[PDB]
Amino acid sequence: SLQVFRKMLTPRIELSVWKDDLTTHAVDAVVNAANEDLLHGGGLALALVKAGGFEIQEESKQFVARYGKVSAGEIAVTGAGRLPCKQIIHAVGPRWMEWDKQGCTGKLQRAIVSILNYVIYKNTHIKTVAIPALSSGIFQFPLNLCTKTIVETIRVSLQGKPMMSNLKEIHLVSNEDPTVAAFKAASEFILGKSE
């Protein structure tokens, strides 16, 4: 695992960018890049189920059978099986559509806000969370726009906002060099140089 960028976002919360495998990255909560059915058939989603255990897939199915599909911009929280985290926050990013860039961007923003609301207000005991570049793989969201949107939404959601949570670290994580590089560049553009 390798940390390529870090910066205090607020006096309490540090943002960092990592090259790592989310299946072995130890944090309190890992964010999955899910679809609306929580059918974990490819990408990060499949990797999490394969490493954490099929129970993650069962809990996901039961969630949707009870509460309905998870719309883009929304979350569902499950257990994490054998993974080195306490929960999986399944976040549904938009599928990229060239004809609706503005709507897609908004859905990605909303997904980040939903993650942050869970961590800050619903489970105030989360100290660390790791977040992927939602929608930028299988969902084809352009990588630079994706990473910039994520970092800016995190910034604007937290800077100058009193809260009551134990959150100390947000990790932006990929196992692919170009995505790590895009997160690093977005972080530097929005927050300044690593410190």
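Numbering starts at 1 and runs along the sequence shown.
- Higher mean CA temperature factor, per the PDB entry, when comparing 30 to 38 with 123 to 131: 123 to 131.
- Averaged over Cα atoms, the B-factor as recorded in the entry is higher for 155 to 163 than for the other of 56 to 64 and 155 to 163.
- Per the PDB entry, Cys104 shows the highest C-alpha temperature factor of the residues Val77, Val92, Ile115, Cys104.
- Looking at the C-alpha B-factors along this chain, the one for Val70 belongs to the middle third.
- Compared with the other modelled residues of the chain, the Cα B-factor recorded for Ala47 ranks in the middle third.
- Among all modelled residues in this chain, the alpha-carbon of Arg12 has a temperature factor (C-alpha) in the highest third.
- Per the deposited record, the Cα B-factor of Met97 falls in the highest third when ranked against the other modelled residues of its chain.
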